[PDB]
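Only one chain is included here, represented as structure tokens and corresponding to the form deposited in one PDB entry.
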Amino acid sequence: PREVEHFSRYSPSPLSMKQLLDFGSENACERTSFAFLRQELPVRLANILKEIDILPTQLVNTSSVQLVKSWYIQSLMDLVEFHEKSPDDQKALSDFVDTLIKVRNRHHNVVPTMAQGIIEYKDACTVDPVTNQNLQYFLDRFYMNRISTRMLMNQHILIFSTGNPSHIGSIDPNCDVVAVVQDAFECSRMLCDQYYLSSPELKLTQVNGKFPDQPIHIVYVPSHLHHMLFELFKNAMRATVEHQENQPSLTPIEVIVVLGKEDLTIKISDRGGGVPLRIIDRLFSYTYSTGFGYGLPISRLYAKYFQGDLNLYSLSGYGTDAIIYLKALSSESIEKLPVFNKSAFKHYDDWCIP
């Protein structure tokens, strides 16, 4: 409808982790957050809605994609309804919390519903290299967009409706990185043991280049950090178990946590045989697995969402290294947000290739 095209004319406004903190830690003005989000969420919903229409028709027409599209247009309409209310009407502040909760429940199944559309589409139809590349591009952007809107909405929900008191919404201002590592390792070990009757141990070490004795803390969303580590541990454990199938014991998964001036980096090392350089990129493809191959690409989105990153490099025949990079300063942890614009629409032989 009209509002999809109207609000798609705005570009999304990215926030730093620091802004989110500074706002909601001490002042936490419910009026301001409400005014901000009733504008911002529609803009981000409308932007990704426009981008959906660019997709191949037999993909857009799947009941899956039509579901996502309709939930989004529905959420966008719900929210826009609050532009007529005043920030001072509290039946409005209160209903907005409720509307956000409804919206978060409505999008709960967005990821797998969209994934089903893709799977349906790829199974059924033949896909040019170009189109399969556009799908990757689209999905990184669609899922990033959902990560960002979930982030914003939960901050408002948790702060003004409640969660952990040590945290400001979903943000932990003193995130104990090492402890998130151990916790994510356990979730993985549980599943590994409950499936293979065995699992590698953790060998973790840490270096605080900043204060060489200090425990390692940064501002971060531990939930996001947990998701990345968990997925990387699942992979490293499965690879270790399957590669050492003829073994008495499993080699340890080795992790090092390092804090430098501007980076926090976590390197996870396994001796699970690796994969050939030829295959690496396919790992980060949404439909590549050997339980669905969303681990790597989604984890990489969580890493990138605040200007971090996630890389794999492997020694085929021996093992694999996964590195997570996170920004160390909260001021530089700024959302990486897709905007639908000339440059993006455009995006949808140089050397001799073998």
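Residues that one form lacks are left out of the comparison. Heads up: residue numbers just count along the shown sequence, starting at 1. C-alpha atoms forming the largest set that superposes within 1.5 Å between two forms make up the rigid core.
Note that the form deposited in another entry isn't included here; everything after this is about it.
Peer 1: Which listed residue, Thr131, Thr99, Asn154, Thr265, is the one whose CA shifts 2 angstroms or more between this form and the one not shown with the rigid core aligned?
Peer 2: Everything else stays below 2 Å; the exception is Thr131.
Peer 1: Quick check on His227: with the core superposed, does its CA move 2 angstroms or more between this form and the one not shown?
Peer 2: For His227, whose C-alpha is compared between this form and the one not shown after core superposition, the shift is less than 2 Å.
Peer 1: Please check if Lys122 moves between this form and the one not shown, taking a CA shift of 2 Å or more relative to the superposed core as movement.
Peer 2: After core superposition, the C-alpha of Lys122 moves 2 Å or more between this form and the one not shown.
Peer 1: Do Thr131 and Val275 move together or apart in that other deposited form, judged by C-alpha distance changing 3 Å or more?
Peer 2: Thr131 and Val275 sit closer together in that other deposited form.
Peer 1: Classify the change in Cα distance between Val65 and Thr131 in that other deposited form as closer or farther, relative to the shown form (magnitude of 3 Å or more).
Peer 2: Residues separate in that other deposited form, at least 3 Å farther apart.
Peer 1: With a 2 Å cutoff on C-alpha displacement after fitting the rigid core, which stretches of 3 or more consecutive residues move between this form and the one not shown?
Peer 2: Only one moving run appears between this form and the one not shown, namely 122-131.
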